[PDB]
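# Topology and contacts: notes
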Amino acid sequence: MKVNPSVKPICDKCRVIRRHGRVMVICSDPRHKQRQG
Amino acid sequence: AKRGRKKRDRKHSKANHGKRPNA
Amino acid sequence: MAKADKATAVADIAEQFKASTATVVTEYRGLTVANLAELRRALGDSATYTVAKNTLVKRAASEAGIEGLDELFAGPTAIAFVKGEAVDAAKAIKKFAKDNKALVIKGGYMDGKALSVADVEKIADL
Amino acid sequence: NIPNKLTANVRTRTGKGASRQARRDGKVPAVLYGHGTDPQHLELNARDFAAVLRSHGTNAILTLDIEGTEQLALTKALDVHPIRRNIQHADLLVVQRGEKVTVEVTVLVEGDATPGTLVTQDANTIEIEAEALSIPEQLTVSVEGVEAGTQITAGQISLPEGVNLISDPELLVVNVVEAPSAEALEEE
Amino acid sequence: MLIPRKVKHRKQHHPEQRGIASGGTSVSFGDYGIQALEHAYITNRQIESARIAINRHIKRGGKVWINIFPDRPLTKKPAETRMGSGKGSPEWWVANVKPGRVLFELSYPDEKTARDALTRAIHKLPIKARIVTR
Amino acid sequence: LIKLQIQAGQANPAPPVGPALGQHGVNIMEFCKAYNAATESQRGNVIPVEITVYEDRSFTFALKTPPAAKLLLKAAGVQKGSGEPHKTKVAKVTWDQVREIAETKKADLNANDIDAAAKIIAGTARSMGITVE
Amino acid sequence: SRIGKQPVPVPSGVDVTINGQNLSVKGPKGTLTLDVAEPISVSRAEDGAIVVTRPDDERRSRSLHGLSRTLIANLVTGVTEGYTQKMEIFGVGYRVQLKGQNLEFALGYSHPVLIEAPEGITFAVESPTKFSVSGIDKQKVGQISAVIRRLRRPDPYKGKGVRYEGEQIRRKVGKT
RNA sequence: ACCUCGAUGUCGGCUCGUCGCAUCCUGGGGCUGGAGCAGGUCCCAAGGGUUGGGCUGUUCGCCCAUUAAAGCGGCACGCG
RNA sequence: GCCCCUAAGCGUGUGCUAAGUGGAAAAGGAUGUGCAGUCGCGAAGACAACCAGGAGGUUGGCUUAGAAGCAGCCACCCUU
Ligand SMILES: [Mg+2]
Ligand SMILES: [Mg+2]
Ligand SMILES: [Mg+2]
Ligand SMILES: [Mg+2]
Ligand SMILES: [Mg+2]
Ligand SMILES: [Mg+2]
Ligand SMILES: [Mg+2]
Ligand SMILES: [Mg+2]
Ligand SMILES: [Mg+2]
């Protein structure tokens, strides 16, 4: 889980969603899982 | 720096018209 | 891909429909690479497996007397043409359909007139 | 090559203030000094004006309806803005339906040169003279099978009938040069 | 890095940065240019960084133009002496940039590649910029 | 199933087909024996094979056509081809030899006539970077 | 929207009772209740089916329409046929058994773990490594399934742990 | 140089504590080029602990034994 | 300034805000939302999804022990 102020989709399947008062990136690949903080 | 920042921010009040003494 | 590519594609659609005689309505996404290549090699003696686009088939249906294909293009469709004899091509297509249970058959076109599923199933035996 | 119709009303007040008010009201000030007549200050509509400019702009001929008095005109200047893109002032020139005016037309490169080359357009506009109604909105220059170190000038541009090139025929418009390498890109 | 061969005056008065750009607003050489939106000084170091970024993102293709040249020097005190002495010596050269002035231009055929290169170049600048076309 | 290219006068090639086929659990001894017994007739040209594995681990190798690249190379006479298409030549080729190779390869190409076979082989040659007079 | 606009086909052997915002359903597998949102109106058509409607097209209503529609759909599906989730155990020495109404798992831990079945949900076992959980509430079924899955740490090297029926977990390899 | 030259006693060490987490350990979790032990990175978490000696005024720093550790700083570079 | 402290509107009409923004701040990140102008497609059935693929030449050449469509360089093609 990478926590950086800038999050963007790395892969093509990686999706961007809005979690509780924040942005987040999700995918089947656990490496591309990052949070905005 | 927090004190000076708060002062220069309160300077931007609707009663002072963006002008105050000592910045 | 490209508009020129699609134009050449429609051109070949016409240039091969002018040569083919019989055709049937199915879907084209057959199965994995190995068995799909086996099926292509099996049907290569009289037919050839191919796919195209809705707009492509729509613009190609204006050459021959198959203007009635507008209602079929009203929604998806895949076609399958035959070069040689059709009594065996239709039999092989029906065999593959009944064996896979994923390639549906809906009809064919012959003698400039559309035929129903029952009609094609009855005329394929003869 | 037909004229684009448009409405226009005289400005009841000039100056920077009136101009800013008109621009806020979605209008565009315009002058119509004409070919030796008294200048007229009109107010065009920004929306349809920009629409026509994006359709067939770049000195497009126009037909102003000034209080029912139809009159042809030609835009010979466009100062949009330094930063943003808004039409803040227009200068239209009467053509009289038959005058021979000289205007700059944009050139466009079409084709694909040798894969190991690169094309550079040095001049975008070219001084062209033709009938008022027969003003070409664009010019085309073809680049097919062109090798490196080739200079296509203005004189080599194929002009339509009744069209003339006012600028010198030696103006280098397009230059096809060997594709620079990593060293050529890093040594600049 | 870019640096003038010689200047008539070594020390200047911190060139003013105000108003809008009068010239160099339209793209002339390249096909896709970057136009700034904030007035600020751009250093030769930043110019070289942007140029290297562009030349690395574009390999064996296209051409890059830099419509700005850093020639205005900026002095600097020894950083430890007291206040009040002969004016410091120049250490870095900058280029007065105003909003609306095109800084860099590119002539790459691939539109998306050129846009990405210009974005990566702008990411190395101290001001906001936008990509425009010829 | 996999199509592997190999020379004729060889035996037990580890790099090309070693791990490409041994991983499937196929016997190599009798396979290479049959391959040699079958290719002993030509013994003068690289010949590929489209190995089609079965479920019972059996195999019936289908002798395919030689590769168009190597056919063009041996028709030109040079062993190493060019690296840049339409920018470097190696030698000239004869229409008779082109027609001979096309007749020998007709049983693999999707073409229908000798003209289409020639068109396809010429496309392959000009993509490789060679042209025939 | 696209889902919230469709009706809910109620089978024959089902009794639907709507009273204001609340809505109860009775079937063979059991009975359930629900409280539809306030900005949405639920009504039983003349054909027995249920239909949810929204008085506006705001974001709240557009998001709650399909939500409530699928909620009542799952409710009727559960009270009619119920829900079931099959699982599987992988890894040598990993076993599971049924002890009364609770499930006893042995997944290499020093002590065997026990999971009790709460109300409205039951377990079943078809093999020492194959079991399933059935119930009426899809939410409770999914919660219990997720709990049983997370009981063990996910191990991608050997795949040891709990897995769903058609689970496809990622697997890496340790060359050392 | 804006209060303080008609006085604000300046570095250490001893005693005495208070507070922030940018956490040395304990606690929980994500990714690992995490096979296991043992590690690298990040997030939350300040309730508690955070050794005794030789050199050198020393702060700091080096070394000797351990321990989970022998934390970084503000409090007039805390406290005459 | 007009909700109490605290004297005056828990004022009227049209819209925005879900973050206590109001009631600090930068580069950048971002399917939050309202308005307005454009462009692609679309009952000639638009996008996603219920359910199903991507051939022959060929493993295009250099590079590699090797690059078979997926370190890279050049072009980036013919047939079914
Ligand atoms: Mg005193
Ligand atoms: Mg005193
Ligand atoms: Mg913390
Ligand atoms: Mg406590
Ligand atoms: Mg001591
Ligand atoms: Mg302390
Ligand atoms: Mg002190
Ligand atoms: Mg009061
Ligand atoms: Mg902010």
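Along every chain, residue numbers run from 1 in sequence order, not necessarily as the entry numbers them; residues that have no coordinates are omitted. Note on labels: chains are lettered from A, ligands numbered from 1, in written order. Consider the displayed chains a part of a larger assembly; each reported value belongs to this part rather than to the entire assembly. Side-chain metrics in this entry use all non-hydrogen atoms of the structure; hydrogen atoms and water are not considered.

Per the deposition metadata, cryo-EM was the technique used to determine this entry, at a resolution of 3.17 Å.

Here we come to the environment of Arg44(G). Residue and element names in this part refer to chain G. Think of it this way: any DSSP run of H or I at least four residues long counts as a helix, any run of E at least two long counts as a strand, and we number them from the N terminus. Within the fold, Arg44 resides in strand β4 (residues 41–44). For every residue, the accessible area (1.4 Å probe, protein chains only) is compared with the maximum for its type, and the residue is labelled buried under 20%, exposed over 50%, or partly exposed between those bounds. Look at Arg44 and you get partly exposed, because its relative accessible area is 36%. Along the sequence, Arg44 and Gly27 sit 17 residues apart, while their C-alpha atoms lie 17 Å from each other. At 3.0 Å, the side chain of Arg44 and the backbone oxygen of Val16 are in polar contact. Two N or O atoms form a polar contact when they lie within 3.5 Å of each other; inside protein one atom must be a possible hydrogen donor and the other a possible acceptor, and for residues adjacent in sequence the pair counts only when both atoms belong to side chains. From its side chain, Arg44 meets the backbone oxygen of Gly48 in a polar contact 2.8 Å long.

On to the state of the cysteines, then. Residues and elements named next belong to chain A. Note that a disulfide, as used here, is simply two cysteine sulfur atoms within 2.5 Å. Taken as a whole and judged by the stated rule, the model has one disulfide over all chains. Through a disulfide, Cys11 is tied to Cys14; the S-S separation comes to 2.0 Å. Disulfide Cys11-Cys14: torsion about the S-S bond near 125 degrees, hence right-handed. By relative accessible area, which is 5% here, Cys14 ends up buried.

Residues and elements named next belong to chain G. Mapped onto the elements of the fold, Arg163 is located in strand β12 (residues 161–164). In this structure, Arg163 is buried with no salt-bridge partner, the nearest side chain bearing the opposite charge being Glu88 at 7.0 Å. Within the structure, the side chain of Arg163 is placed 3.1 Å from the backbone oxygen of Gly159, a separation counted as a polar contact. Every residue in contact with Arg163, bar those within four places of it in the chain, is listed here: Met87, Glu88, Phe90, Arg149, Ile169 and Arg171. Neither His nor the chain ends is counted toward charge; the positive residues are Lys and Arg and the negative residues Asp and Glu. Should a side-chain nitrogen of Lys or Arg be within 4 Å of a carboxyl oxygen of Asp or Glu, the pair is scored as a salt bridge. Any two residues whose heavy atoms approach within 4.5 Å are treated as being in contact.

This next bit is on the protein's contact with RNA strand I. Proximity criterion: a residue is near a molecule or strand once any of its heavy atoms comes within 4 Å of it. Of all residues adjacent to RNA strand I, which total 58 residues, the nearest are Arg29(C), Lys3(F), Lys64(F), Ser82(F) and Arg126(F). Per the 4 Å cut-off to the protein, sugar and phosphate atoms form 68% of the nearby atoms of RNA strand I. For RNA strand I, a sugar or linking oxygen lies 3.4 Å from a polar atom in the backbone of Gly30(C). One of the side-chain nitrogen or oxygen atoms of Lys80(F) is found 2.6 Å away from a phosphate oxygen of RNA strand I. For the surface near RNA strand I, the secondary-structure elements that each account for two or more residues are α1 (2–10) of chain B, α2 (33–43), α3 (54–60) and α4 (70–73) of chain C together with β1 (2–4), α3 (68–76) and α5 (114–128) of chain F. For the surface near RNA strand I, the leading source of residues is α5(F), giving six residues.

The next point concerns the pattern of salt bridges. This model, assessed by the stated rule, comprises 16 salt bridges over all chains. As a salt-bridge pair, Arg54(G) and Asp57(G) come within 3.4 Å of each other at their nearest N and O atoms. Here the residues in one salt-bridge network are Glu38(C), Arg41(C), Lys3(F), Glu50(F), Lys64(F) and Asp108(F), joined through shared partners.

Residues and elements named next belong to chain F. Where helix α4 (residues 95–105) meets α5, the axes come as close as 10 Å, and the angle between the chain directions of the two elements is 105 degrees. Considered as vectors, α4 and α5 are oriented roughly perpendicular to each other. On the side of α4, the interface is formed by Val98, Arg99, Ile101, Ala102 and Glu103, while α5 contributes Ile114, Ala117, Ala118 and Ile121. Between the N-to-C directions of two axes lies an angle of 0 to 180 degrees, each axis being a line fitted to C-alpha atoms and, for a helix, fitted only over the stretch in contact. Each angle receives one of four descriptions, namely roughly parallel if under 35 degrees, roughly antiparallel if over 145, roughly perpendicular if within 65 to 115, and oblique otherwise.

In any sheet, the strands associate via hydrogen bonds between backbone groups, in a parallel or an antiparallel arrangement. Residue and element names in this part refer to chain G. Pairing is antiparallel in the open sheet, where three strands are placed in the order β1-β2-β3. The open sheet has two edge strands with one neighbour each: β1 (15–19) and β3 (31–35). Averaged over all neighbouring strand pairs, the angle between strand axes comes to 15 degrees, with direction disregarded. Strand pairing is defined by DSSP finding a minimum of two bridges between the two strands. Summarising the sheet, strand β2 (residues 22–26) and β3 pair through five bridges and their orientation is antiparallel. Counted as the bridge partner of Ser24 is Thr33 from β3. Contacts from helix α1 (residues 59–80) reach β2 and β3 within the one sheet, and its direction differs from that of β3 by about 170 degrees.

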